[PDB]
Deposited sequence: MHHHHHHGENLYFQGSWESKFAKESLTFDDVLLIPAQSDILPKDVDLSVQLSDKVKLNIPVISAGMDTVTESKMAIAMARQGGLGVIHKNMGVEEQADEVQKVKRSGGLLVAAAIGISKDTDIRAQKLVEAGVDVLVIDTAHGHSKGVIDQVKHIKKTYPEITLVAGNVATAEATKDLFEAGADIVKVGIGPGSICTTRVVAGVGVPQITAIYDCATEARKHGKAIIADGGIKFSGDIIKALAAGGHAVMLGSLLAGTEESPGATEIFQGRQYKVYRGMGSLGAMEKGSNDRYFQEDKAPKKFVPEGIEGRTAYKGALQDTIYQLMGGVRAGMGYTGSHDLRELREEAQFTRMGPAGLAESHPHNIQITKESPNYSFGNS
């Protein structure tokens, strides 16, 4: 019964687990960081910059794509402005570009202009992916544009992952409540500790032979490899990339120290009705994206050498974790 099972489930977060070292014949410099997200999308590094207004526009998307990654242009701008940002990326050496779409009335014209601008991947980006409004949008976007790779989310269960893959999504984005700037857990009382969310969703994805994006809660390079080893094909970063020069924000000074503004897409300012589910704050200026990425991938490479993971397929399928206390 539903009553009896209320408190049955146990979930894990990044800080609850560590990768166990294993037999390795491969050096960190020699590991393969590439991942196939779909038939058309192949990334050299498993990192995607977040579809947020304090994180990704053309400057971030170009820089990300030049590192072998990908950037999701945020939808908190006009249809034309978004298509123009997509154009800048494509005109920068035919770089892979992703763009965010919602469920609202404006989606129909937005998706056409983005596809027209030469977008590679469309991202149905919502707070609650396990909904009718989102399922219908997935069916619609996939019927209208079958050549464009479709990402749909956010979800945190196997049932939600099943339903999105069945509706027509190519990639499912996982994460409900783990984000650094997220207040959903405290406001709505809802969330799935991210390691369990990734694992439960990837368990389902493995059946469909499809990819998942581990979105939110990544604090360091160690969280990146843990997110991939739990089942994620690629990770999505907000906090770790917001402080870089390439993020759309303006560099500010406060008591000598250089800072950049980072906020939730559900914060008061970003929403400009729904009660806020995100915060707005300050994050230290990081410098060039390229240097942030190099440090992050260095740590991921170190971990793949420790686990004897020659590639990401060997990490996702074979790497073992140990649970531990605080």
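Enquirer: From the N-terminus onward, what segments of the deposited sequence lack any C-alpha atom in this model?
Expert: Comparing the full sequence with the modelled residues, the uncovered ranges come out as 1-14, 287-301, 356-380.
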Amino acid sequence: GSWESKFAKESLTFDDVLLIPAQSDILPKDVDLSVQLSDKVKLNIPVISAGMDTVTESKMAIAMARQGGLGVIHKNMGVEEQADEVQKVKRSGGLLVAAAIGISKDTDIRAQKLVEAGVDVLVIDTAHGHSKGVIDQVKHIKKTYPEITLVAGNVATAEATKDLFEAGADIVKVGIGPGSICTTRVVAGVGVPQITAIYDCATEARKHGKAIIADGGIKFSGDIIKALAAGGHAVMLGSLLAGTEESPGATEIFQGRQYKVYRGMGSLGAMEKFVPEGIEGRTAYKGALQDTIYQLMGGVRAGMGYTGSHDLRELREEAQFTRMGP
From here on, numbers count along this sequence of modelled residues.
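Enquirer: Do the C-alpha atoms of 79-87 or of 223-231 have the higher average B factor in the entry?
Expert: Comparing 223-231 with 79-87, the higher average CA B-factor belongs to 79-87.
Enquirer: Between 207-215 and 129-137, point out the one with the higher average CA B-factor as the PDB entry records it.
Expert: On average, C-alpha B-factors are higher across 129-137.
Enquirer: Considering only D39, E277, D32, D291, which residue's Cα atom bears the greatest B-factor as recorded?
Expert: Of the options given, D39 has the highest CA B-factor in the PDB entry.
Enquirer: Out of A250, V72, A188, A197, which residue has the highest Cα temperature factor in the PDB record?
Expert: That would be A250, according to the entry.
Enquirer: Sorting the chain's modelled residues by C-alpha B-factor, tell me whether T283 ends up in the lowest, middle or highest third.
Expert: Its C-alpha B-factor, which the entry lists for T283, ranks in the highest third among residues of this chain.
Enquirer: Grab the CA temperature factor for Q258 from the record and place it in the lowest, middle or highest third of its chain.
Expert: CA B-factor rank for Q258: highest third.
Enquirer: If you rank every modelled residue in this chain by C-alpha B factor, which third holds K273: lowest, middle or highest?
Expert: Tercile = highest for this residue's CA B-factor.
Enquirer: Pull the Cα B-factor of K162 out of the PDB entry and bin it into the chain's lowest, middle or highest third.
Expert: Middle third, going by the recorded CA B-factors of the chain.
Enquirer: With respect to C-alpha B-factor, does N154 fall in the lowest, middle or highest third of the chain as deposited?
Expert: Its C-alpha B-factor, which the entry lists for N154, ranks in the middle third among residues of this chain.
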